[PDB]
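Student: Structure in structure tokens, see below.
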Amino acid sequence: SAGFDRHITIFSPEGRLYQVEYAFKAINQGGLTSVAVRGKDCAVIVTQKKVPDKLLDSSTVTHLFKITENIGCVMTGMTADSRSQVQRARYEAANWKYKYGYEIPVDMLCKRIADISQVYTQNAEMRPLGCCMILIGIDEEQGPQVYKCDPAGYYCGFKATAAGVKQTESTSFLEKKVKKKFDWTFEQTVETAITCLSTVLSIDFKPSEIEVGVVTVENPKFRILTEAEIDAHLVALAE
Amino acid sequence: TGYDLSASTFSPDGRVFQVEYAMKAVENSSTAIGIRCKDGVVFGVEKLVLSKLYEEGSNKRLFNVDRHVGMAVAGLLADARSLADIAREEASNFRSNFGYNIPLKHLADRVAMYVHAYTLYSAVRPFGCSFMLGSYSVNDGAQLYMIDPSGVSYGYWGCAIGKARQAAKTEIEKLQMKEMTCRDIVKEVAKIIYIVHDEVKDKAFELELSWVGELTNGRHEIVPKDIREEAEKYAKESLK
Amino acid sequence: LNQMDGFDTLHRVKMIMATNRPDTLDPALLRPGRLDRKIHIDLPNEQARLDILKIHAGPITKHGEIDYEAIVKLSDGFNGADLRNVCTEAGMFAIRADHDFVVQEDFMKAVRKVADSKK
Amino acid sequence: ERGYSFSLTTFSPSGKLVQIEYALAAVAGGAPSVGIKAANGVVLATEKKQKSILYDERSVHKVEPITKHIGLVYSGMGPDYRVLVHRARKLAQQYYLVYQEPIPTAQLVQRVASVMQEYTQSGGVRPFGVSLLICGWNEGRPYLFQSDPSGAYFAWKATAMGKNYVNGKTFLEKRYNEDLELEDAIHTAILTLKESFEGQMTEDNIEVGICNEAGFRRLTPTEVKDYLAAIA
Amino acid sequence: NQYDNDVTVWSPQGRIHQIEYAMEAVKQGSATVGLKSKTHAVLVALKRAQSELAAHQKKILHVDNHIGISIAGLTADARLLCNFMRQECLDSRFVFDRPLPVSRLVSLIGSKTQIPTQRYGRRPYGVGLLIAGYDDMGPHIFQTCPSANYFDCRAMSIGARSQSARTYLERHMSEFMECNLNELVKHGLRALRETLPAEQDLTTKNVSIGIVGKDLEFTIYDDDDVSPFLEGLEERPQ
Amino acid sequence: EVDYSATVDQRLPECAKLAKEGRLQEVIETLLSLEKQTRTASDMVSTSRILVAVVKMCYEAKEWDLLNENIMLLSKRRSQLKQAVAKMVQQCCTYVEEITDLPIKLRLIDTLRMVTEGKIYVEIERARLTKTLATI
């Protein structure tokens, strides 16, 4: 099923852009997974921080970035491209606020980020960015919001999404979760993200093996739960 | 094959082969190591004098990106010098744009983005030199960053770039770099490097060091000649 | 496809066609009586490294105790085929050294040999 | 034609620009949208079915407005829809600032299609693989145009792109009377989709817009639910 | 294989085959021997003649009053690089009103040379240069192979059948520092006369010597001018 | 890994004396306080000794409500060690047939069953507890 492929601008005979297709298969080359769960008034993103060395400066091995004071993003996929996508976003929001007088809603920031990725799929100049972004933000008039922008430029509004090597089970796990409708309390949402990531991998999730981000309607600011809190949260999940 | 000729083409398994090849050409360079002391970072690079006719200290791999930052390119040199010049133009534009020394992290991020900027277009090839940045600042501690060809840049307490990467961490992993002041680290970085570089292969060699920290007062300048002499003696005594 | 759901004889033989890439496989091939069950076998299970080493390590005489746990993290993402070599390659290290494996120091380097030299 | 399939600027020996055709394959394999022009207005429909309950159905809307009197429905690569709409609203806008009257639906498609044709004249730019249905009510006569990745804009009365399009057209030509009214038209439009949407027509699974005398508007989930309940 | 047509493709073994080939350009031209003493920078070039009655090719170019170079490679490229240096030095003299140091020139030559090795649209400069100049930090002898890498050399010998010239110099490198003007050049001519085939011996027409010293600008000795340095040259054993 | 051989050898006797009085509380709470110290240290033995110790003390003390609660609370602990958790189970089922009161026994079997449910290390003990549940 290789197709004409070797060029992103040449359609396969069936109408499938193979080069764009291969983008997603590059997405899981990062070997990690991030899950975002939207609660009643919060959205929690949990990622895998597998630091394969005692020499690595653990402070800078983070997959979580702060796009803006109210919107936080996690990258799943190639670290280099994910970094560029993060950096391109920050300008896109800052241009949004500077241009219209207010902070860019998390809705568009994936749209503009998606729109940038889409033109790289038509004009055979830039090789596509091989990383999916998840934007979480407390949006006024629409509660907490989560979005996942893919290499081909498709973004959607997700009650919960996960991108990474174990996406099929992560989404199946969440799909099992969201349906038995429950009061998604901030504690419930943070717990839900941890369980989702834990069940798929089958890991204990030592305190430092993940990086959970949290955004709540009460304090609409992007925060990364400090290692003490995840342990407290993790112990809460156990009991 | 088929997907390995252009940097902008994704293999059906989903990876840019060109980047992989360049990162696997850095494996064919001289070993370069970096250890960050409690108040600084130390860089010690093995330089293989390819023939008795290049004057001492030629085609050096220890560069000064800016006043306080350090580079220790490991890989194809000619690509390194290019990466050095871009870094300085990035720093120089910084200091003139923001009035203060560009923080190591931001210099690595901008320099990392430039490196990743060349692994996206078919008209260019990815850089073949992966380099370690080192600096020390009373307001920012000591920071060490390794920018591999692919664009990833995250800091290392102690890292090695070149043929002996795995061999270089192993003997670096057995040191408590968190504490010893790189007064005593230089004797350790030099001692490490001699453990690597099996003599039977690669024949003769030379060793260049540099440090950033309080000891330098915030600069990166090469370790004073006097200090190196004992350091090399200190490493030499460890033959057994 | 024909020789499976095919006139001739349906048969009593079974096929275990195993792939490395499941997205590529065509839809008809994954059907009830035409090859079903997409059993996933990811890199050796976290606990398996022990069991695999347990099933592949014990054979080789080795009185010395084992810190298997470190070997487990010393061997992350190991193909399992590598793990088989790990113990066997360690035996070559032992084949040099002396004749009895009495140290995990062996698996450590053996783990390296079955990693950097297995790259 | 075997080796000439790839480049969009090299005629095949039979005079066939294949690449445009393959792009039209991407349209013919997309979300079904249906359009019906009732003598009282224009009704458009498309199935917004997500791949799991994890999605927020109200996030991305397919049936969309351009101005107050024009809307679009697409069957093809989504993200390639958005780049089309923006050059559509801008083009619809650039008409307003210059002539100060709402852009006639004929012109918009003439220039929303001419946007498409721009990308199919050079190598290095893929054709817009999303057929578009454009509804409008201008000069007191409902309008329903289809602009294609090939750059040709039609004047459809009632059609349907996307999966199972051949069957959808056959349902039309059957239950399409040129003399309906917008109220009946919505029922017919929903039914045409019903011939392919594999599932119950949940109010967050089908998105319908009505291009009437007053203007186009993406039907709220309820009103469709009022409509869907009646049909079922 | 198939990865050896463009400099912009990485070979499986991690090499950029085009640069390796450009490297091969240097060996094509007639060898030049470059050696500096503590007091002078003298580089000897073995000129070639196209035909019996054609004047012999110029191998030593004039880069500046304090920087001269030897070209061993393409004729067109060597000219293009020589033009660049002169323009670079001319601005350096005009801007800073100071002799631009050889180290700074060599660094800039590499930077201009490295762009071709990374961006499709041009070919690697098939010109290997022995940059000889006298700045305020003593005489220097740099060499820039087409791979955009320049090594600070005590003495180097590039060009056709060069490895002989190198092997003589490495054998006599230690003595090079404490050299008088004539002794240093008589070494270098001895180096070039190693590269020459047994039949050929260094004649007044095929050897050009360029010497830059403490109080001396880059003087290009050719034809009769070479004789004063040539005169007193020791006969090759045979 | 940290190991608490002596400590579990020392803390246990003092707790056992106090628990017999009827105070319990402090004795049980302090033991589990070290359990977080042990569990997090990879000390299956001491936890096995500690986990066994807590169950045994209550069983001798005849505190039924604390026993039903404790096996539930101790069992579902964060990353509790397998063999130690198992060691608590056979000791409980060895206490199982010792328990005679039906409502007390039925609660005991149910608690032991659930903690063991879907647990590979404790299936067989689960089978007998189920069987004793059937025969009950």
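Heads up, residue numbers simply count up from 1 along the chain you see.
How was it done? The header gives electron microscopy, 3.5 Å.
Heads up, the Cβ atoms here are built off N, Cα and C, so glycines get one too.
Copied straight from Swiss-Prot:
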MOD_RES   A:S12  phosphoserine
MOD_RES   A:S58  phosphoserine
MOD_RES   A:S59  phosphoserine
MOD_RES   A:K97  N6-acetyllysine
MOD_RES   A:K99  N6-acetyllysine
MOD_RES   A:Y154  phosphotyrosine
Student: Are there modified residues in A:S12, A:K99, A:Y154 whose CB lies under 8 Å from a CB of chain D, and which ones?
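Tutor: The modified residues close to chain D are A:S12, A:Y154.
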Student: I need the CA-to-CA distance for A:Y154 (phosphotyrosine) versus A:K99 (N6-acetyllysine), whole Å please.
Tutor: 25
Student: Taking the Cα atoms as reference points, how far is A:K97 (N6-acetyllysine) from A:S59 (phosphoserine) in Å?
Tutor: 30
Student: Do me a favour and check the Cα-Cα span between A:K99 (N6-acetyllysine) and A:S59 (phosphoserine); whole Å is fine.
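Tutor: Distance (Cα to Cα, whole Å): 34 Å.
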Student: Pick out which of the modified residues A:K97, A:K99 has the most other Cβ atoms within 10 Å of its own Cβ.
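Tutor: Most Cβ neighbours within 10 Å: A:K97.
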Student: Round to a whole number and give the Cα-to-Cα distance in Å for the pair A:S59 (phosphoserine) and A:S12 (phosphoserine).
Tutor: 44
Student: Around the Cβ of A:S59 (phosphoserine), how many other Cβ atoms lie within 10 Å? Please give the count over every shown protein chain.
Tutor: 10
Student: Would you mind listing, in sequence order, any of the modified residues A:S59, A:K99, A:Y154 that have a CB less than 8 A from a CB of chain B?
Tutor: A:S59
Student: Pick out which of the modified residues A:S12, A:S58 has the most other Cβ atoms within 10 Å of its own Cβ.
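Tutor: Comparing the modified residues A:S12, A:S58, the most crowded Cβ belongs to A:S12.
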Student: Rounded to an integer, what is the Cα-Cα distance in Å between A:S12 (phosphoserine) and A:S58 (phosphoserine)?
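Tutor: Pair distance, Cα basis, whole Å: 44 Å.
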Student: Let's check the environment of the residue listed as 'phosphotyrosine': how many other CB atoms sit within 10 Å of its CB?
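Tutor: Step by step: centre on the Cβ of the residue listed as 'phosphotyrosine', count other Cβ atoms within 10 Å, giving 18.
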